[PDB]
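Heads up, the thing below is written out as structure tokens.
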Amino acid sequence: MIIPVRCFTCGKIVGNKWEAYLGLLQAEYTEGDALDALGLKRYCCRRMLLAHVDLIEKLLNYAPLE
Amino acid sequence: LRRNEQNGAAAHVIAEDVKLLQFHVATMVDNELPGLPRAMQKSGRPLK
Amino acid sequence: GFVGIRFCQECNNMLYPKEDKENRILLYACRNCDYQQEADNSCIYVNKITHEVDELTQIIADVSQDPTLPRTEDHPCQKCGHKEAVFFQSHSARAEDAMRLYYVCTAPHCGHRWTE
Amino acid sequence: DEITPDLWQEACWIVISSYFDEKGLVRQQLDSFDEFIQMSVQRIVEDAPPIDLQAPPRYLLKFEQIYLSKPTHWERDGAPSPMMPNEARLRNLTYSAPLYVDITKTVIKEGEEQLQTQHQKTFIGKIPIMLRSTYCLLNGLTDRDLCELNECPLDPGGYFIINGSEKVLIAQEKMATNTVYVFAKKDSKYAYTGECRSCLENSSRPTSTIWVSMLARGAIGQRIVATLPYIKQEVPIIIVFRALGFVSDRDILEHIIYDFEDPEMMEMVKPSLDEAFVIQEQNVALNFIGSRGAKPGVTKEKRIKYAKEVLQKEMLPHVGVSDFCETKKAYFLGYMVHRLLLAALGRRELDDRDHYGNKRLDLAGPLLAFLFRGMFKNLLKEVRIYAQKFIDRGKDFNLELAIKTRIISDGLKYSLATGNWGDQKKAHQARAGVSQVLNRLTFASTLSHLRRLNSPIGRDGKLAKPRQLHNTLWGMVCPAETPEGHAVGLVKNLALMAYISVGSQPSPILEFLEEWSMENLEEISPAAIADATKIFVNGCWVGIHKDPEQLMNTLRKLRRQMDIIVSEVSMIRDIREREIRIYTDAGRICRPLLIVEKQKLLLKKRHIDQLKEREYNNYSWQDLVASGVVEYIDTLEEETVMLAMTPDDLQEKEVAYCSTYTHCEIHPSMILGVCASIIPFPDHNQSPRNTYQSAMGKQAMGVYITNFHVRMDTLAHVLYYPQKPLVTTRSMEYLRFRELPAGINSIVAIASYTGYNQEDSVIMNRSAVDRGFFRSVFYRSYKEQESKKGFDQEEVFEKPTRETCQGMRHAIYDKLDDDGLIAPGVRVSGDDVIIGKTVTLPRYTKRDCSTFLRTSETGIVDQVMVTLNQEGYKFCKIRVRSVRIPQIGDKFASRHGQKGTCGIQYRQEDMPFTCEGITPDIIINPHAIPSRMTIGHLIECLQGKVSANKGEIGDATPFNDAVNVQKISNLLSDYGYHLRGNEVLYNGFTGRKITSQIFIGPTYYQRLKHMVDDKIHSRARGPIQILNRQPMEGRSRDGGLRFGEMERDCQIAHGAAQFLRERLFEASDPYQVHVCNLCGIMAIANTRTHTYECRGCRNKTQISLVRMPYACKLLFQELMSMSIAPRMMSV
DNA sequence: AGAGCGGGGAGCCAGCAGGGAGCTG
RNA sequence: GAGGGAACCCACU
DNA sequence: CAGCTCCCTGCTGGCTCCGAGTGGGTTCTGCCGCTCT
Ligand SMILES: [Zn+2]
Ligand SMILES: [Zn+2]
Ligand SMILES: [Zn+2]
Ligand SMILES: [Zn+2]
């Protein structure tokens, strides 16, 4: 839904890296190089940014009830 | 059937009354007997 | 082998065998009308028990055009000598006893079918 | 330019992406409903006979052009409004559109002209509209327009909303109609039988089946008889031919036996001729048939009329239902007898019941058409009864009073709501499960349920033949996705590119056949039949043709360019038996295949280039269909094609298998369905594990739909952090799985650690779970309405005070507001009250009927929605939100059938770690792999390690030579890991290296709905049942567990008689009765005054106290109700 | 007058219709 | 401190 | 010795059975019109 605050496996902060990852992707970095530029060296964090589905952008398309 | 055998009526209706009473008693004991209509509710579900 | 049916000519129906002892011969006498007919062949009922050796009349030549049927080049035709042939098996219950290949010539207008 | 093999994977996935860009996944439901609405309803209305009522003046009622509105809601004020689907879901409204018909009433009077009255647009009922079809309000809307309506653009549609409940129509596998099928009856009086489920096309009427059977040997020979419809005995077939108007024998045998040099056919028709010799005239034959009908006749004329109408309108209706059609019906009956003779001689082979060439699929279209046919017949019956009741005495009838609009509306609503398909008054004989509540647990559940087929076969059948995976399911039906248990092999799923034909008119094919040298049956001698190819169109023998090469090539050329032959028309040529069958009817399932001609694909690089820019050429899948490149092939036509699995099969080989390929597969991984296409490397798994994963990917937890906040679903499960898989197939792009994913990529070590993962269990990381790993929410919605039950019983949403309300469960009402409802944000517990409803009874005037929360369910009220239902009452729905943290006993599954429960949770410092400090999220047992043979799990871990190091998303499409274990191993070794995925793990407790090296890697695990807190149950004592006074049913009613008969047998074998008594007497239903010591019947016993009395004996001193189960007392009293005396003698 | 009452398989068993023997006037 | 049945469907081992 | 009686056999119809235990859900009772004021 939204990027997890921490990596599940180790606990590295990955919640501050989703928008940076998207900005690096639209700067035509490859995904491996974008992950390497963010300091995610263990594959447990690379799956955390790599496999993320950001559903909250589509939940914000619905007009707020409250 | 008590009324139609006390307030006297013809045999052609007392026979139907006897047949229907026999059907009701049998379907009280045995509803799943074949060859006869099933005892049914107003919802159409058969009697237990 | 098998002897066919005989048909009446007047009432368009079947004939039936009968033995007239006046000439002591066999006639095909219809029993809807009074039509009679002498018989060329004396065979009335005939049965085949192990005489199922001829599967070739049931095969039609059209099966040469089947894309799913297997083609071979090692069995050339005897009639026209074409290299291509299609090979299959006889698929009846009376051919479960055999796995004999029946071949049909692939070339158009030939239609020759054989075995082995 | 031919597509070179290095570009072929990209090319085939581009054309597959084009197919799934245009058609989509629920296209068959929407197409069937659209063709039902546009064509079938009007056909049913028009084909209904006009109502001709005469007492007298004569009234003719004719029905005309139908009109269907959009789905509208009428409130109690009567003002129409456009009904949106979320309003129907929230307010429990039926998403239906009103159906208006035009009626013409003509009056005929003695010595007076007609009087025509035009009731334009007469309301006759409401048709439930299927979501996202043509006549839905969401049709044609963009994604922004759908999000403004609080709808999900990913939601497929294809379902109905009945009373706020989403209902899907499961397709039903019927036998194919109008086709002669010959089977050898097992242990019957007939050796071979030939049936035809005959039904006239484009007319919804029930199929009339005619059997043409041949008797067993153990008379002279073999007799062919005919089991006609509505003729209750077996008419000999020659008598049927006589009754059709054929006195002669060359007439009958030219209709039956097409080649007269063939002797065996004659030797088998000889007993059938010679048994029916005594009947020689047409009307004599008609008398012989009509004497044994369902309604016999005392008059010969009545029997002649009966047999004439049976052979006119009931015996083979599809070939002809009209007069002068004796020759076409007689040729078809002769064809049936001919096929019977061919199969009995062994020359032809018996038909297969499980072959889907012999089966059609009733989708929403034909099923709703059958319903609407019956219900419109009911409506016309009601109109004729009302109008006849008036014109018996009254002058005239107003028609709008005669139109019972509840017939169509409530009948369609009932059948779509209950699933009992048919009429409510015959619900015991109605087929159930046709309509089902749409599964909304994840998106895979929704798609799988919307693409579901069902064999109408009893699930208690011990025969395996309909359950078998038949060979003809290739590419049409998923081979893996089927239920486990009693419905295995009966409930099925479509493959991805399988499309079910919607139906077409046979006519333009018939004019083309007329003007393409086909000689009609009505204008030929039978002697021309013996070497000509018969032509069947929708099972109707229409003629013969003498050049079948050019006819079949011409027909295929027309179909391949979207001419006269439409794309779904199936055209089979049976070469060996000289037949051409053309099927245009609905229910045929087909799939697109590439066309191979002269060992070359017709799909070339220009098509791929044009499809590469689908947005800016307006090139699509339909242009590929129009280009003669792809072709829709169904099951009977797939028996005559020669498929290439890949274009590599077209290449010349050193051992050439085939050089006459007719079609080629687009990609073989389109034999899988929706739920089996989530499995990475399905071909490396054992097939039971593929079936298990097809089952358990529907129970996984993810985000089931995007607008889950608007919806008040009874049960909803939402994962906190769903991830798309690192190891995906290319079919997962068209299932939208990377937008609504249903699992998390775990770090899984397959290790033996502490013993707590043995026998399918897993060990989870407590520290990972603390960070949100597999955390979820369970939403439960409760509905309650102020129902007005007459004048007295007025239930109202009022906050209950104990001073005025009775019948409470003695729970606090303080969390309720003063409007009688709880408010969002309040923590609730299993005893708390969320809705306060009070009913007014005729001090305690009010009785408390408050809605309580489910037992032991902690939660917080997420939403309260207050509205008016269709009846104008106040209606409320409360959604309660419970956060489910992963817990010991929660069921987690991978994508390979490696289900299990969490056996223990260790913290991060306790779980084993690699040299980088990577601890696994899940540890599974090694022993779960070997007998299971889920090598796809190991390869998924390896490929996920490679994909997480590389940054790619791994491709695991089933049949892909470019991906193999050695390639992935070399790739993993390129990142400084061991090539086979093993790592040196250290013990978390001691720090010491584990001697073995542990296979660890990212694997996609999914959390299943089967949580332990939703299943834990216990009882000491509590609610008992009303009748037998035994404990209740299920944990929802605080019930007890069943100590069934096998438990009794086990406790007998144990010898534990006192434990057997405790379970079966004390812990279930202890009871004491008083029994007369003389007669043994239970006796009256006033225990207050110690007055023990037995009538029937006048006994007052000899009465005994007997302890029994209450069910024993109930049994004995049922027996004494049954005029049986169990005389319980204590001596 | 609205409120309320009425109206599929599988396998075994039992009875009846066909035999073949014996019997008597 | 305890107030419905039945039918059906799905699922679980 | 012909016709009748009296028990073996063949047939068809009737009848009764079809794993154990669990969750969850929806939908139905009940079905509508009356005769009295
Ligand atoms: Zn990490
Ligand atoms: Zn004759
Ligand atoms: Zn030749
Ligand atoms: Zn007594």
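To be explicit about the labels: the chains of the structure tokens are called A, B, and onward in the order shown, and within each one the residues are counted from 1, while ligands get numbers from 1 in the order they are shown.
Within 10 Å of chain G, counting only C-alpha atoms (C1' of nucleotides), chain B contributes residues 34, 41, 42, 43 and 45 of chain B.
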Using the selection just defined, write its residues with N, CA, C and O atoms as a PDB file, in the first residue's frame.
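Result file out-v3.pdb:
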ATOM      1  N   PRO B  34     -42.687 -43.630  -2.323  1.00  0.00           N
ATOM      2  CA  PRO B  34     -42.786 -43.265  -3.737  1.00  0.00           C
ATOM      3  C   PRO B  34     -44.162 -43.560  -4.315  1.00  0.00           C
ATOM      4  O   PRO B  34     -44.991 -44.251  -3.722  1.00  0.00           O
ATOM      5  N   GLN B  41     -44.967 -27.828   2.078  1.00  0.00           N
ATOM      6  CA  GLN B  41     -45.254 -26.585   2.774  1.00  0.00           C
ATOM      7  C   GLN B  41     -45.786 -25.540   1.798  1.00  0.00           C
ATOM      8  O   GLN B  41     -45.857 -25.755   0.584  1.00  0.00           O
ATOM      9  N   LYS B  42     -46.165 -24.385   2.345  1.00  0.00           N
ATOM     10  CA  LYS B  42     -46.535 -23.260   1.497  1.00  0.00           C
ATOM     11  C   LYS B  42     -45.324 -22.656   0.799  1.00  0.00           C
ATOM     12  O   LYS B  42     -45.486 -21.974  -0.220  1.00  0.00           O
ATOM     13  N   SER B  43     -44.124 -22.891   1.321  1.00  0.00           N
ATOM     14  CA  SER B  43     -42.890 -22.528   0.637  1.00  0.00           C
ATOM     15  C   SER B  43     -42.478 -23.552  -0.411  1.00  0.00           C
ATOM     16  O   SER B  43     -41.492 -23.325  -1.120  1.00  0.00           O
ATOM     17  N   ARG B  45     -41.296 -26.486   0.269  1.00  0.00           N
ATOM     18  CA  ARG B  45     -40.371 -27.436   0.870  1.00  0.00           C
ATOM     19  C   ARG B  45     -41.151 -28.618   1.438  1.00  0.00           C
ATOM     20  O   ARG B  45     -42.197 -28.416   2.064  1.00  0.00           O
TER      21      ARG B  45
END
Leaving out residue 1108 (chain D) and any residue of its chain fewer than 3 positions from it, which residues lie within 12 Å of it when counting only C-alpha atoms (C1' of nucleotides), given as a compact mmCIF listing (two decimals) with C-alpha atoms, in the first residue's frame?
# COMPACT_ATOMS: atom_id res chain seq x y z
CA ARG D 1061 -20.92 -42.90 29.07
CA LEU D 1064 -22.49 -39.95 25.19
CA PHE D 1065 -24.69 -39.47 28.28
CA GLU D 1066 -23.37 -36.99 30.87
CA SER D 1068 -24.32 -34.28 26.05
CA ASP D 1069 -27.88 -34.60 27.35
CA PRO D 1070 -28.49 -36.25 30.75
CA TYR D 1071 -32.14 -36.77 31.57
CA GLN D 1072 -34.39 -38.63 33.99
CA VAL D 1073 -37.81 -40.05 33.15
CA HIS D 1074 -40.27 -42.04 35.23
CA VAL D 1075 -41.28 -45.43 33.86
CA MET D 1082 -43.02 -43.34 30.59
CA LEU D 1105 -36.63 -43.36 37.92
CA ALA D 1111 -32.34 -38.04 22.66
CA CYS D 1112 -33.38 -41.51 23.83
CA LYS D 1113 -36.55 -40.05 25.34
CA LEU D 1114 -37.13 -38.12 22.11
CA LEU D 1115 -36.60 -41.29 20.06
CA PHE D 1116 -38.98 -43.31 22.23
CA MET D 1128 -38.64 -50.16 28.97
Applying 12 Å and only C-alpha atoms (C1' of nucleotides), which residues near residue 2 (chain F) remain after dropping the ones on its own chain fewer than 3 positions away? List them as a VMD selection string. chain D and resid 807 to 811 1022 to 1024 1037 to 1038
Give me the residues near residue 49 (chain A) as number ranges by chain, where near means some atom within 12 Å (using only C-alpha atoms (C1' of nucleotides)) and where sequence neighbours in that chain fewer than 6 positions away do not count. A: 2-8, 12-22, 25, 31-32, 34-36, 38-43; D: 721, 723-726, 745, 948-949, 951-953
Give the residues close to ligand 2, within 6 Å, counting only C-alpha atoms (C1' of nucleotides) and all ligand atoms; write them as number ranges by chain. C: 8, 10-11, 13, 30, 32-33, 35
Protein and nucleic residues near ligand 3, 6 Å, only C-alpha atoms (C1' of nucleotides) and all ligand atoms, as a list in words: residues 77, 79, 80, 81, 82, 105, 110 and 112 of chain C
Need to verify the contact set: residue 20 (chain E), 12 Å, only C-alpha atoms (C1' of nucleotides), exclusion of same-chain residues closer than 5 positions in sequence. Can you return it as JSON, numbers by chain? {"G": [6, 7, 8, 9]}
With only C-alpha atoms (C1' of nucleotides) as the counted atoms, please give the residues lying no more than 10 Å from residue 11 (chain F), apart from itself and same-chain residues fewer than 3 positions off, as a PyMOL selection string. (chain D and resi 483-484+695+699+1010) or (chain G and resi 23-24)
Could you dump the residues just selected with N, CA and C atoms (P, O5', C5', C4', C3', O3' and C1' of nucleotides) as a PDB file, in the first residue's frame?
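Below is the file that was written, part.pdb:
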ATOM      1  N   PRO D 483     -11.187 -27.698  -7.654  1.00  0.00           N
ATOM      2  CA  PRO D 483     -11.308 -27.841  -6.203  1.00  0.00           C
ATOM      3  C   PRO D 483     -10.784 -29.183  -5.727  1.00  0.00           C
ATOM      4  N   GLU D 484     -10.402 -29.216  -4.460  1.00  0.00           N
ATOM      5  CA  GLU D 484     -10.146 -30.480  -3.795  1.00  0.00           C
ATOM      6  C   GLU D 484     -11.414 -30.947  -3.096  1.00  0.00           C
ATOM      7  N   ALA D 695      -5.773 -23.718  -5.628  1.00  0.00           N
ATOM      8  CA  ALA D 695      -6.770 -23.581  -4.570  1.00  0.00           C
ATOM      9  C   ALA D 695      -6.403 -22.478  -3.580  1.00  0.00           C
ATOM     10  N   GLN D 699      -7.272 -18.139  -1.411  1.00  0.00           N
ATOM     11  CA  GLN D 699      -7.390 -17.881   0.011  1.00  0.00           C
ATOM     12  C   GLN D 699      -6.261 -17.027   0.550  1.00  0.00           C
ATOM     13  N   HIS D1010      -6.877 -18.521   6.737  1.00  0.00           N
ATOM     14  CA  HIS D1010      -7.128 -19.489   7.799  1.00  0.00           C
ATOM     15  C   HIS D1010      -6.248 -19.157   8.998  1.00  0.00           C
TER      16      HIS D1010
ATOM     17  P    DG G  23     -17.066 -25.222  14.117  1.00  0.00           P
ATOM     18  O5'  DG G  23     -16.930 -23.702  13.694  1.00  0.00           O
ATOM     19  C5'  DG G  23     -17.197 -23.337  12.373  1.00  0.00           C
ATOM     20  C4'  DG G  23     -16.050 -22.552  11.775  1.00  0.00           C
ATOM     21  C3'  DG G  23     -16.501 -21.410  10.879  1.00  0.00           C
ATOM     22  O3'  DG G  23     -16.418 -20.204  11.584  1.00  0.00           O
ATOM     23  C1'  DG G  23     -15.250 -22.947   9.611  1.00  0.00           C
ATOM     24  P    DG G  24     -17.763 -19.431  11.976  1.00  0.00           P
ATOM     25  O5'  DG G  24     -18.122 -18.622  10.654  1.00  0.00           O
ATOM     26  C5'  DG G  24     -17.164 -17.756  10.091  1.00  0.00           C
ATOM     27  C4'  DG G  24     -17.315 -17.686   8.588  1.00  0.00           C
ATOM     28  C3'  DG G  24     -18.658 -17.209   8.099  1.00  0.00           C
ATOM     29  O3'  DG G  24     -18.742 -15.805   8.186  1.00  0.00           O
ATOM     30  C1'  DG G  24     -17.867 -19.002   6.764  1.00  0.00           C
TER      31       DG G  24
END
Return as a list in words the residues of protein, DNA or RNA that approach ligand 4 to within 12 Å, with only C-alpha atoms (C1' of nucleotides) and all ligand atoms taken into account. residues 1074, 1075, 1076, 1077, 1078, 1079, 1080, 1081, 1082, 1083, 1084, 1092, 1093, 1094, 1095, 1096, 1097, 1098, 1099, 1100, 1101, 1102, 1103, 1104, 1125, 1127, 1128 and 1129 of chain D
Give as a PDB file with C-alpha atoms (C1' of nucleotides), in the first residue's frame every residue of chain G that touches chain D within 12 Å, counting only C-alpha atoms (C1' of nucleotides).
ATOM      1  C1'  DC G  18     -23.540 -44.043  -0.530  1.00  0.00           C
ATOM      2  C1'  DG G  19     -16.324 -41.295   5.115  1.00  0.00           C
ATOM      3  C1'  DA G  20     -15.473 -38.408   9.568  1.00  0.00           C
ATOM      4  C1'  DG G  21     -15.187 -33.587  11.417  1.00  0.00           C
ATOM      5  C1'  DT G  22     -14.896 -28.234  10.852  1.00  0.00           C
ATOM      6  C1'  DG G  23     -15.250 -22.947   9.611  1.00  0.00           C
ATOM      7  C1'  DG G  24     -17.867 -19.002   6.764  1.00  0.00           C
ATOM      8  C1'  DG G  25     -21.779 -16.980   3.688  1.00  0.00           C
ATOM      9  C1'  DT G  26     -26.709 -15.820   1.567  1.00  0.00           C
ATOM     10  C1'  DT G  27     -31.495 -16.839   1.099  1.00  0.00           C
ATOM     11  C1'  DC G  28     -36.110 -18.753   2.414  1.00  0.00           C
ATOM     12  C1'  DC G  32     -50.745 -12.789  -1.580  1.00  0.00           C
TER      13       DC G  32
END
Using only C-alpha atoms (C1' of nucleotides), which protein or nucleic acid residues come within 9 Å of residue 37 (chain C)? Drop anything in the same chain fewer than 5 positions from it, and give the result as JSON, numbers by chain. {"C": [8, 15, 26, 27, 28, 29, 30]}
I need the residues from that last selection saved to file as a short mmCIF file (atom, residue, chain, number, x, y, z; two decimals), in the first residue's frame (with N, CA, C and O atoms), if you can.
data_model
loop_
_atom_site.label_atom_id
_atom_site.label_comp_id
_atom_site.auth_asym_id
_atom_site.auth_seq_id
_atom_site.Cartn_x
_atom_site.Cartn_y
_atom_site.Cartn_z
N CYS C 8 -38.47 -55.86 -54.87
CA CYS C 8 -39.63 -55.99 -55.74
C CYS C 8 -39.72 -54.80 -56.69
O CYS C 8 -39.31 -53.68 -56.36
N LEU C 15 -38.02 -58.07 -51.47
CA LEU C 15 -38.36 -59.45 -51.81
C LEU C 15 -37.95 -60.38 -50.67
O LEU C 15 -37.21 -60.00 -49.76
N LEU C 26 -35.47 -71.77 -56.63
CA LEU C 26 -35.54 -70.72 -55.62
C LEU C 26 -35.99 -69.42 -56.28
O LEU C 26 -35.40 -68.98 -57.27
N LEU C 27 -37.04 -68.82 -55.73
CA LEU C 27 -37.59 -67.59 -56.27
C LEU C 27 -37.65 -66.54 -55.17
O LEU C 27 -37.84 -66.85 -54.00
N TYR C 28 -37.49 -65.28 -55.57
CA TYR C 28 -37.64 -64.15 -54.66
C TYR C 28 -39.06 -63.61 -54.83
O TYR C 28 -39.34 -62.87 -55.77
N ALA C 29 -39.93 -63.97 -53.89
CA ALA C 29 -41.36 -63.69 -53.97
C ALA C 29 -41.71 -62.59 -52.98
O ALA C 29 -41.60 -62.79 -51.76
N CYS C 30 -42.13 -61.44 -53.49
CA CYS C 30 -42.64 -60.38 -52.64
C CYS C 30 -43.92 -60.82 -51.95
O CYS C 30 -44.73 -61.57 -52.51
#
Find the residues of chain D that sit at most 12 Å from ligand 1; for each, write down the nearest two atoms and how far apart they are in Å, to one decimal. Count only C-alpha atoms and all ligand atoms. Sort by chain, then by number going up, and give it as a tab-separated table.
residue	atom	partner	partner_atom_place_in_ligand_line	distance
D:746	CA	ligand 1	1 (Zn)	11.1
D:747	CA	ligand 1	1 (Zn)	10.0
D:768	CA	ligand 1	1 (Zn)	10.2
D:771	CA	ligand 1	1 (Zn)	11.4
D:916	CA	ligand 1	1 (Zn)	10.2
D:917	CA	ligand 1	1 (Zn)	9.3
D:918	CA	ligand 1	1 (Zn)	7.4
D:919	CA	ligand 1	1 (Zn)	9.3
D:920	CA	ligand 1	1 (Zn)	10.6
D:921	CA	ligand 1	1 (Zn)	10.7
D:948	CA	ligand 1	1 (Zn)	11.2
D:1002	CA	ligand 1	1 (Zn)	11.8
